[PDB]
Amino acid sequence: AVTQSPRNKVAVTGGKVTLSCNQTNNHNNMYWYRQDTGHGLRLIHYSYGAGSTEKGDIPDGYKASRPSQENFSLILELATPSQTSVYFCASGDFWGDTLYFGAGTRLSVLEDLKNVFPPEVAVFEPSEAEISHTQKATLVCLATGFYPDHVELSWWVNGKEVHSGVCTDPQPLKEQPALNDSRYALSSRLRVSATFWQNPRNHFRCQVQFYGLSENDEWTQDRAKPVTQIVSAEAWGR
């Protein structure tokens, strides 16, 4: 297996960020990529064994380090905005036909940090008209005004997470598309039968995972410090 940590990080400029990767496969080679829209999968640094590293195609800005066969770290000494990205670890055998990738690490390197906001969540109740025309009932969740775009939105019915009848937007959208620090909104659908929506014993909850400031960062500001937190909104059957 290939596990990265952290999976989500928010850092300020000039700050030190160290992504690390572990590796259960006894594979000798390890690689560090970054993913960005418009560039693809670009190899940053890599390694053939403990104590050695090799420059990839975009090694500028990043310093690698492989203190172990198992573990390979990527160090960002002076974190600059252009390093805001999704980072992927991989590993494989000597001359290996196959790479094995980790899950990813969403990294935002921000300019001011005051730009961070948790999502506000609402759940909009099925129109009576949809109900009395299709016999189906559609619920809509809105997660709004959050930044960065590090959320995981999931639906919960009577306390058990569901996936059937659920559709979430592929990526979030910018509320003010003219800004490079613009806050995001995302939305999701959960559709069920009216037979199930009318029953008032059933509750439907929309949950948004927000990865935000570390629980030990400097927050000198008015509003409550925008940490990692679960924000939810709930609806009761009628």
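Each residue number is its position in the shown sequence, starting from 1.
- As recorded in the PDB entry, 56 to 64 is the stretch of 22 to 30 and 56 to 64 with the greater mean C-alpha temperature factor.
- Of the two segments examined, 126 to 134 and 73 to 81, it is 126 to 134 that shows the higher average Cα temperature factor in the deposited entry.
- When the Cα B-factors of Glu120, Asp97, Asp149, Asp112 are read from the PDB record, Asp112 comes out highest.
- The maximum CA B-factor among the listed residues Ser187, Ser47, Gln209, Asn199, taken from the PDB record, is found at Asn199.
- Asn158 sits in the highest third of its chain by CA B factor, as recorded in the PDB entry.
- Per-chain ranking of the deposited C-alpha B factor places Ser91 in the lowest third.
- Among the modelled residues of its chain, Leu213 has a C-alpha B-factor that falls in the highest third, as given in the PDB entry.
- Among the modelled residues of its chain, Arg42 has a C-alpha B-factor that falls in the lowest third, as given in the PDB entry.
- Per the deposited record, the Cα B-factor of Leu139 falls in the middle third when ranked against the other modelled residues of its chain.
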